[PDB]
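In what follows, a single structure is set out as C-alpha cells and then discussed.
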Amino acid sequence: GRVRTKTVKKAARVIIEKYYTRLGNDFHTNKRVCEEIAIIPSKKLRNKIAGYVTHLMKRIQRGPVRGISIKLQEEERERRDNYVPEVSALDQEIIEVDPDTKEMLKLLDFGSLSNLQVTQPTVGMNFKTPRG
Amino acid sequence: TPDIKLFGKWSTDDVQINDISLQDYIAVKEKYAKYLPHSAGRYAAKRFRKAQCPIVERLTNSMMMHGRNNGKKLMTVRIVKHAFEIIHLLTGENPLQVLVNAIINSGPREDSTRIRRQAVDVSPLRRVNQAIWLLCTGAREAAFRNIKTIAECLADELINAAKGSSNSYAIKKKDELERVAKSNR
Amino acid sequence: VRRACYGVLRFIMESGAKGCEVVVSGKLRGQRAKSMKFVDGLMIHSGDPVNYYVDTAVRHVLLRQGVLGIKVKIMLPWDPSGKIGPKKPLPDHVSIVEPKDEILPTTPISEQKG
Amino acid sequence: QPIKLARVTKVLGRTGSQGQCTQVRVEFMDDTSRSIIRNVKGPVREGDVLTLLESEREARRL
RNA sequence: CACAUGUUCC
RNA sequence: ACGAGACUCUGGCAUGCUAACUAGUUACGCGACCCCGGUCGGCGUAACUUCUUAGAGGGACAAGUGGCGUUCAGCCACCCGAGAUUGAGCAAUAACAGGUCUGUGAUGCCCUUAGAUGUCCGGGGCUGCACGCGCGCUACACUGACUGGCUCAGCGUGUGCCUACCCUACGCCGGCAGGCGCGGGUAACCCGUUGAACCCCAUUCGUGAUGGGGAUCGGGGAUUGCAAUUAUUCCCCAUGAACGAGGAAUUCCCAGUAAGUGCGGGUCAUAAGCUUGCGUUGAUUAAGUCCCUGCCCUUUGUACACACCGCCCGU
C-alpha cells in the first residue's frame, strides 16, 4: 500500500534536476543533504522525499529516466546527436537500380550514369497478404 | 541444564512423530522446548505464525472457553499439568506421546463444505486446528454437571483418542464428518 | 444580499487574502430556506492547519422575515515574518533553494596569503 | 482404497462460494510423474504433503 | 428451484 | 482547486543532552534482628539520572538484498532492527422537509398577558400495570460456590466569588452501616508506595433446584435532607422463587483484539446494573471471498425522475 503521491514525486525530481552532484546513493546521506537544500516542514516527509530520490538514483545509474534534466547525460546525448561518421550512408559505389526506375532517368536529364549497375526482375506478382 | 529441558519433570526427547503429514505442523521437539506451556504470546498475529507453536500451549490456548473462563490461562495450565500425570498413571509411558496419537487420529481427512456440498481435502494446519478443537469441547461437557473433574476429562479423552476407541467425543465427530462428506463426494 | 456578499469577497483581495468560503444560509425570496455559496481561491478543509490557516467567524442577522446565517471564512496568507499570517509553512509545500552559480574549476591553483 | 501422500507444490487460487476453498496443483511423493488438481480447505503452505483417501477425484480450473 | 405488491400533502 | 495523503495528539527505542530536599537510586554511617554476611517505604548524608518525570532532538524510508513487475508505478520474501501498517482527531462537492423553537437575552410568525399557558408555595404524578418490544445485569454451577491465607495495577478527583456544601489519614466507641476527637492536602506533598478484583494456595461442600441462583417479602438499626410513606440509599437476621446452556431468529469482532475482572469520570445533598476512560487476565479463529448484505468505477438496457418503495395491464 506504500505508493507515493505527487508531492513525494514532483518534489523529488526537483532534487535531482538541480542537485545531482551534491547527492550520493545511500539514503541517510542525501537525507542529511535534503534537509539543507530543501525546507521540508515535517520529519516524516523528510524521510519520504529523500526515499524516492535514492530509488530514482537506482534508475539513473542503470538507465535514462524521462522526467529528469541532468546536465551530464544530455551532453552525452548531445555528442551522439551531433555525430557524423567519416563515410556517409550515401557515398556508395554500387548503386543497385531497379530495371523500371532505370527507365525513368532516360527521359530525364541525368540518364547515363557511371556507378549504377542494374539488377534482375522479380518473376511473379506476389506481394500482398492472403485474406482471412 | 542448558543442554536438555524438563517439562516440569517430563523429558524433552523420545517422542517420535508418527504421521509425516503433520510433522511439519507439530512443533514439539528440539527447537520448540519450553519448561512452561506459557509464553508471552505473539503467535496469533501473522498468517502462518500458528505453525511453530508448542502444541501443549495450543491446547491451553483453546481451553479457556465459554465466557467465565476466557482470560484465565493461569488455571488451565493448572489443569493440563495435573492431567499429564493422569495419563502417565494409566499408561506408564510418555503422556505427550498420547497427545501425538490424539491429534493425529482426531483430524478429519475430507470435509464437505458449501460450494450442493463438495467434499474436499483439508490443510494439515486446518487438520491440527480441528483435531485439537473437537476434543477440547468434548471434555467441556464431560465435566459439565459431573463429579468427574475437568482435569480428568482433559486426560481421559486423549487416552481414548490415542487408541481411537470411539468412546471419546473427538473420534465420533471425526468419522461422521468424514462420512457425511463421503455422501456428496 | 448578492451585492453585499461581493463587498466582503473583494475587500480581502485588496487586503491580500489567499481564499475565502462565504456562505449565506437562511430564507431568501420566499418562505423556503436556501443557501448561497460563493467560493473562490485556495481554501483547505482538513488537517491541523485549519486551526491556524483559516479563521472562522459565524454570525446571525435579525430581520422581519427570518434569521440568516453567515460564515465569514478566510484562509490566511503565509509569511515567514508572521505579521499577516502564521509563521509555519504549509505541510505540503517544499521550499527548495536554487543552486548557486559556481563555475567548475579546470586548473589546480593555490591562494596562499599572509 | 489407499491412503496416498500427495505433496502440494503450488497454489492456483481461492475457490468456493464464499472463498473458503483454494485450488492447488498437487504432486505425489509416491510417484513423481502423475500429478492432479484438487481443492484444499484451510490455510495452505508450500511443500506440504496431503493424505488422499481417494486418488481419482480432480477439481476443475475456475 | 421460488421471490408478489405500494402510501406519495410536500 | 478541494477531499485522500500530508498534518496533529498519543503508543514503542535512545545507560546520549538538560536538570529534580514535593522524583527516585547508589553508597556511606548508625539503629533493629539472625546465624563477615543477611534484611528494613527505620534514620541522615555526599556522588548519580538506571528507574521518576518531560523537554529538545535522533529513529523507518519499501531502506538493503533476493525474486516479481513496462523493470515504471509497485507487490511478495529475508536480515538488521524497539518499531517493516498504534489508535483517534480533522475531514470535501451536493443532499434530506433527518433532529432540536424542552440549551439560550438565536429568532420570524401565531396563542396568552392579571380570574395569567408569567412567576412562586403546598401536595400528587412523570415510578403508575392484563400485554408486546429494545439495550442491559446476575445466573443456570465442580474450569464452581463458600472460608482463611498470599499478593499485583493503571487512569482521575478533592476546601467551590456565589456556595453557607470537599478529598481524606490517624486515635478511639460499636458485629455492621455508622459515630466521636485531633492532624495534613487547594495537591508528584496528605489521602497514596493508591495493599482492586480476577488471582494463587489450602479447607469445606459433591451433581442435590444443593453451600449454584438471589427474585419476592417480614423484623430491627444508621446516614443525607426541611421532607424518603409509593419502601432515597445502607448494614443485620429470616424468607430462597423462576432458572438444568435457551426455539424461530439475529448482533458484535480479527491483536493485547473478543471475553473475564475490577478501578476512576460524568450525573451526585442522598446515588451506577447506565455511560465515559483506565489498567489487569488473555485467546480461539482468519491473512479470504462477492454467496448474502450493501458499496465504488466502466459498458449496456430502460416506457423510471416525489426516481424499482417507480411505472403500468386486463377482468
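Naming works like this for the C-alpha cells: A, B, ... for the chains as they're shown, residue 1 at the start of each chain, ligands 1 onward in shown order.
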For residue D:11, please output as JSON, numbers by chain all residues within 10 Å (counting only C-alpha atoms (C1' of nucleotides); exclusion window: fewer than 5 positions along the same chain). {"D": [22, 23, 24, 25, 26, 37, 39, 40, 44, 45, 46]}
Just list as a ChimeraX atom specification whatever in chain A DSSP marks as helix (DSSP H, G or I). /A:6-18,27-37,43-60,71-81,99-107
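Our summary of the geometry notes that atom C1' of residue F:79 is positioned 11.1 Å from atom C1' of residue F:66.
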Do a neighbour search on residue B:137 at 9 Å with only C-alpha atoms (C1' of nucleotides), toss out local chain neighbours closer than 2 positions, and write the hits as a PDB file with C-alpha atoms, in the first residue's frame.
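Wrote result_22.pdb, looks like this:
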```pdb
ATOM      1  CA  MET B  63      -9.144 -24.427  26.670  1.00  0.00           C
ATOM      2  CA  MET B  65     -13.540 -21.208  26.683  1.00  0.00           C
ATOM      3  CA  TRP B 133     -10.680 -28.420  18.855  1.00  0.00           C
ATOM      4  CA  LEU B 134     -13.083 -31.359  18.803  1.00  0.00           C
ATOM      5  CA  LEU B 135     -11.551 -32.930  21.886  1.00  0.00           C
ATOM      6  CA  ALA B 139     -14.278 -32.799  27.564  1.00  0.00           C
ATOM      7  CA  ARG B 140     -16.088 -29.489  28.096  1.00  0.00           C
ATOM      8  CA  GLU B 141     -19.320 -31.458  28.530  1.00  0.00           C
ATOM      9  CA  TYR B 169     -16.286 -37.118  21.502  1.00  0.00           C
ATOM     10  CA  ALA B 170     -13.416 -36.260  19.158  1.00  0.00           C
TER      11      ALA B 170
END
```
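Atom CA of residue B:182 to atom CA of residue D:60 spans 19.1 Å [interatomic distance, one decimal].
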Pick out the residues sitting within 10 Å of residue D:36, and hand them over as an MDAnalysis selection string; count only C-alpha atoms (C1' of nucleotides), and ignore anything fewer than 4 positions along from it in its own chain. chainID D and resid 6 24:28 55:59
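Distance check against residue B:39 using only C-alpha atoms: of B:98, B:131, B:77, B:4, the minimum falls on B:77.
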Specify as a PyMOL selection string all residues of chain D found within 10 Å of chain F, counting only C-alpha atoms (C1' of nucleotides). chain D and resi 14-22+42-43
